């Protein structure tokens, strides 16, 4: 929140949902036989491009 | 069957750790959840281990079933 | 259907730029085709 | 491994961002609560002057 | 090949040590918030009842 | 005559302002909407910090 300080603060309530999902789905997989969805390269090319081109 | 699986999580969550019903989790059923490991995970008082570490112990043995077909390795006997 | 009006004030605010998955969708369709193309020529 | 073909996961990621925008949207904030701390005082403060003009 | 099953369960035992200090933090967390709520119920009554 | 009654309503509204403050919480863990009278809420994009 502190860096932006604009009327671009509306966007920041989403960016803390983005940190809890890949914060969790990278921490679940350390278990014995679990499976991480951020291992496959498919969804990460759907996490970058609909967010990166939402900026330009 | 939707009201059947939805009444599994709701009933289980209240019973396992925390919710005249909110302070029922203040004592907690963590004393009930405690006895499974040995004693050692004692820190469950306000960061509750036995509330969380049962789901993650369920998600491991659920994923042990899919892997079982691939890593067979067993002879015409039993192990040690 | 109340997974809408809790967040419906949010949607038409930022989905004007945020709901541009068309580029994502276009890329995905092309990706499926190339894989099929290489398995067609084996 | 080098997996292939991609028709999978990415359609099952945007259903997840209907969940995470439902949970995290109902979050109590100390800062937000703080901003409701001064709204009760100065209405009653000029209400003290509402009887000061009603008399004088 | 799952002797790394125990070592990912052995490290999660050492964090139960600091979890008995996480409780204090957890207990401390919102004490200010609940107190943060006790200040408004105390200020509003006493500032008005003398004014009346 | 007027100033003893214009202060009386200011005594009466202050007698109603505290009795509504006792209405909000019946317990420490009471409610998430009864505490939503004194401490405020607003429309979209009010709380800057």
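Please read every residue number as a count from 1 along the shown chain.
How was it done? The header gives electron microscopy, 3.3 Å.
Cβ atoms are placed via backbone N, Cα and C, with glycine included.
Features reported for this protein in Swiss-Prot:
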- D:4-20: transmembrane segment (TRANSMEM)
- D:50: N6-succinyllysine (MOD_RES)
- D:50: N6-acetyllysine (MOD_RES)
- D:53: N6-acetyllysine (MOD_RES)
Residue D:53 (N6-acetyllysine): tally of other CB atoms within 10 A of its CB: 9
Residue D:50 (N6-succinyllysine) CB neighbourhood, other CB atoms within 10 A: 15
